Amino acid sequence: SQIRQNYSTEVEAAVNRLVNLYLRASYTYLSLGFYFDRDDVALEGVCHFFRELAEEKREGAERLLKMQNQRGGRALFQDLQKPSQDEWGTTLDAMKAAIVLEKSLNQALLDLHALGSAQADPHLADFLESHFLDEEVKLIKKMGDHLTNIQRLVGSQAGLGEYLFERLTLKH
Amino acid sequence: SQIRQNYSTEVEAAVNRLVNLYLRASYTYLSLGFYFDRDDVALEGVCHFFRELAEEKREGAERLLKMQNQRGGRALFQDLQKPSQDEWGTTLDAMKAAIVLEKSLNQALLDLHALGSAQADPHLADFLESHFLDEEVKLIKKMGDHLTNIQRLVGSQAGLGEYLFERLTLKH
Amino acid sequence: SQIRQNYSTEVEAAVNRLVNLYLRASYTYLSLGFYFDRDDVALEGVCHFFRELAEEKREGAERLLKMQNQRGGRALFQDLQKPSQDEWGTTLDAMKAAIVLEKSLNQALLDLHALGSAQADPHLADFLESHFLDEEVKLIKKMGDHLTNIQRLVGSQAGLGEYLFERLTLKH
Amino acid sequence: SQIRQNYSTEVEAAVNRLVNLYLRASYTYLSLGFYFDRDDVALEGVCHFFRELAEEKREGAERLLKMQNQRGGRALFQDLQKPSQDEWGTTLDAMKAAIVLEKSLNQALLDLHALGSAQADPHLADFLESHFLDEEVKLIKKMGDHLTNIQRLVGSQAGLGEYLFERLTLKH
Amino acid sequence: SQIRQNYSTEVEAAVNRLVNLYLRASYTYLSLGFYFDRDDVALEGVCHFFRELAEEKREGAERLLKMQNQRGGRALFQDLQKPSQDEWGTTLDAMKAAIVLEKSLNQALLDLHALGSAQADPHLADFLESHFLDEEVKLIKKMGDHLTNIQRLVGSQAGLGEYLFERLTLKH
């Protein structure tokens, strides 16, 4: 590289780690999506919701990789760990798992922002602020809204509630 | 005929039998459709679902008959047995009956494909692969998805669930 | 599942393995693409070529997963091994690696087709024939064409040849 | 002024200095552009590349001046030093000089951002982040990409390589 | 026939021979075209150039056959000899072979024109003048132009020259 300027080895490494976290999140959402497409689960609104998230997380990883090259850092890829479950339970279980996943991604963004700030790397800080921090806050708010609605629908007729949420809230 | 080539008498007969099975399936779906149009049943999404299937099965029979002539075989028609029931119960009962019917049609397709393969009749094999095997897999997946949704909706309020499935899943 | 018919546990497992191979290929192409976007490599036609392939391989994996559910099999995900190299050398080195990768995917498709045939699973066989086998042959032919052109351009002025191939053959 | 708020004399002075640096960069690019339009140089893609940069740097200076007035600071202009060379050598020499120039502008932006941060001037920090820091990173990446391509094309036929880069990479 | 007038048996036979020569030329160009589509040759501009010529020569044969019937002569077909080579070497070798082939076709046209003139058959003479003689002169000029350009590009970097001619002269 003959372009690198004000780009620490610490940030470079943390960016590579964050790419891995985003790709693993994308993989987790791929698994979630296809689980809800099983004939014995069959909630297509939920399938679509998670498949869209798999695409978003992949796009996030690609934006990070583009930035890594723009700064003169070098992409290094690691194994992608398989998702934490093979079967994901109810829509409620799945949405709970998704919120946990997003909170972990958000903390990783916040940690990287703090590192950039400590390293006086304003381009890195701006990059996260412009493309990641608000997208993450918006997504987590949506998931929280969903969780509340799913929970309200349980009552004593859980199957009915799960059907209605998929039909009337999720896009299909 | 002065066109027949590589077309066994065994395949010719099995094609005629398959036409009968498709026409009988069409007849079964005609009966299912009109049952759901009864004033004391009155589930128009279900009526439309089965009437559409009656049309599909008739079209399948006609494609087979066209192919029979293309190969130089001779169509032979047999009686069409009346459907197995006069009344079809709940949407759940009906969808269960439909899946049983489709699995039987699918096995007949698979048996004919195996016969064609044994007879080194690649045109027959390709014909089934191109126009029948995937259409059948897709349909059975849809029925399985429906069954799962219907079953989830039973709970302790079966009437409510039956109404909601017809309103919110089926086309009307 | 209440839809599974004529779908062996052997094929189900091999489909899961093939999904892993396609996702690993997609990952390899992601790494190839970003390597050619490095400021000290800077061959955008090559970047685009491999990024497009990453998308194609992901789409292939998703088609397999869709089919797995259509048949009533169950998706199981494994770790995605990181790509075999961190740096990919010249366009020639990269295209050689890509051909090796594609030949391995092609052999996996051929092995699965043979398994399906042995198991008298014509839907599986047709599925591969319709969506994978010719796409793979076409891609490998394109790569072979590229390799020949890259090799012709080496001469005694390798840098010049690498630039010209990227400018005049690859899309940019 | 009756509008000035949270705008230090230090930042005000540094903004004036940065305007001077941007105008001097614009002047340098004006000289570069016209050098490549000489009949004995005659590389119009290179002329256009540098003339466009002269416009960009002038626009940057004007944005800074607008901001200075928005904050209630007072523009102060100094002499514009003539560019460091009268003749700019090869496209390679020129692109090397341009990268050196851009790195100096980038460091000046980073220094000003640090000053704004130290002075708790978030409007100034945001201003640089929004209109300058990423534009600079993008430009330097482009120049690095160009340098790599120019360098690859030297080989033993430097004239040929210089022609081809101007024809096939630069806009004309 | 009840239409034949002023149409000698000599011309009729020579027309049949010329049809054979045109069809053999078409066959030769078919072989040339597919040779350049080999993965180890891979010059698609050259493939397209010769495939287009195969079409032109077939069209020429068909025009001759139409004329034969218009005059009341009788088409007689002979074997089409396979092309003179199975592999065609470089673009230069191929273009040299093509020029040799075209000169032979041109001499056959000239010989037939002379025969028509000797037989006081102005319709035949006009037919060749209107549809063949200038088309042939134009084609040979194009081939000569190509040969000169190919030859100029050999230098000490033959592979590079062959690539550049295919990219920058031939349609692709």
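Chain E residue numbers are taken from Swiss-Prot; in order, the displayed residues are 3-174.
Cβ atoms are placed via backbone N, Cα and C, with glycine included.
Listed in Swiss-Prot for this protein:
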type	residues	note
BINDING	E:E54, E:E57, E:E58, E:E61, E:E64	Fe cation binding site
REGION	E:54-61	region 'Catalytic site for iron oxidation'
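Each of E:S28, E:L55, E:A56, E:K59, E:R60, E:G62 belongs to the same chain as E:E54, E:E57, E:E58, E:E61, E:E64, is absent from that list, and has a C-beta within 8 angstroms of the C-beta centroid marking the Fe cation site.
Outside the region 'Catalytic site for iron oxidation' (E:54-61) by six or more residues, the chain places 24-25, 27-29, 31-32, 34-35, 100, 107, 141 with a CB less than 8 A from a CB of the stretch. With a threshold of 8 Å between Cβ atoms, none of the binding-site residues E:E54, E:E57, E:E58, E:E64 neighbour chain A. The local packing around E:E54 (Fe cation binding site), expressed as other Cβ atoms within 10 Å of its Cβ over all shown chains, amounts to 13. For E:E61 (Fe cation binding site), the Cβ neighbour count at a 10 Å cut-off comes to 13, with all displayed protein chains included.
The C-beta environment of E:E57 (Fe cation binding site), restricted to residues of the same chain at least 6 apart in sequence and closer than 8 Å, consists of E:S28. Of all Cβ atoms in the shown protein chains, 14 besides its own fall within 10 Å of the Cβ of E:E64 (Fe cation binding site). Spatially close to E:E58 (Fe cation binding site) yet at least six residues away along the chain are E:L141, judged by Cβ distances under 8 angstroms. In the three-state DSSP assignment, the secondary structure recorded for E:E57 (Fe cation binding site) is helix. In this structure, E:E64 (Fe cation binding site) is part of a helix by DSSP.
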